[PDB]
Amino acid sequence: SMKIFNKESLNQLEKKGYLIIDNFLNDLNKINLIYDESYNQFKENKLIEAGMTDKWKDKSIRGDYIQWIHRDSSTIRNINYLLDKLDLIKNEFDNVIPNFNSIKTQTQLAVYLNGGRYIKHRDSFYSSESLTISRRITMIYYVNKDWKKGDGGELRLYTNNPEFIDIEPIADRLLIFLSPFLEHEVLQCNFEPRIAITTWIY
């Protein structure tokens, strides 16, 4: 079923701060197309190094190649399909939590190569571009086919929601967690490419 939030799951998200949904699409043919289209974006020089050699601005902080996808004759049709599915989750957030009132979404396609990592951080921030907080909910969809237990690249999610747990970035896995509260980091990658599609709900 495509409804994510029932009595228990909502309580887990509010208490534990995260929620893991495996076999989100459960469509192998589509998963492979999302992988291919995501990989082609990198091959076609459509990504950018997030950490860019200026001081404290290099691959020490984060070493992935990212692209910001603007969302509502296309090369990323199947990626857009996933993003639409993720948009339905946002709709469910608004319908189940009365005062959530989503403002907008922000999407990032990220590719890590061998040896890539992302130091501890939280996704939420406050900048002059908006009066209020940015990024309340984080939704990460992994597309790494045939990931084994030694390839690294796991997401280390620190369970401290006002100890950690290593989440394997296996294909078709959807990770949801509260952006302002859960600290996390990407452990070093021993395989390539590590593909992850994130949609933040503001």
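Each residue number is its position in the shown sequence, starting from 1.
Unmodelled deposited residues between residue 52 and residue 53: none, 1 to 3, 4 to 9, or 10 or more?
1 to 3 residues lack coordinates between residue 52 and residue 53.
Please say, as none, 1 to 3, 4 to 9, or 10 or more, how many residues of the deposited sequence are without coordinates in the interval between residue 150 and residue 151.
In the record, the chain runs straight from residue 150 to residue 151 with none unmodelled.
If you average the CA temperature factors over each stretch, which comes out higher, 166-174 or 38-46?
Higher of the two, by average CA B-factor, is 38-46.
Higher mean Cα B-factor in the deposited model: 58-66 or 138-146?
Per the PDB entry, the higher value belongs to 58-66.
Which one, 75, 99, 108, 128, has the peak C-alpha temperature factor per the PDB entry?
That would be 75, according to the entry.
Among the modelled residues of its chain, does the C-alpha B-factor of residue 25 lie in the lowest, middle or highest third?
Tercile = lowest for this residue's CA B-factor.
Check where residue 179 lands among this chain's C-alpha B-factors and tell me if it's the lowest, middle or highest third.
Lowest third.
Split the chain's modelled residues into thirds by Cα B-factor; is residue 122 in the lowest, middle or highest one?
Lowest third, going by the recorded CA B-factors of the chain.
Should residue 132 be placed in the lowest, middle or highest third of its chain by the C-alpha B factor in the entry?
For residue 132, the deposited C-alpha B-factor lands in the highest third.
When the modelled residues of the chain are sorted by Cα temperature factor, does residue 10 land in the lowest, middle or highest third?
CA B-factor rank for residue 10: highest third.
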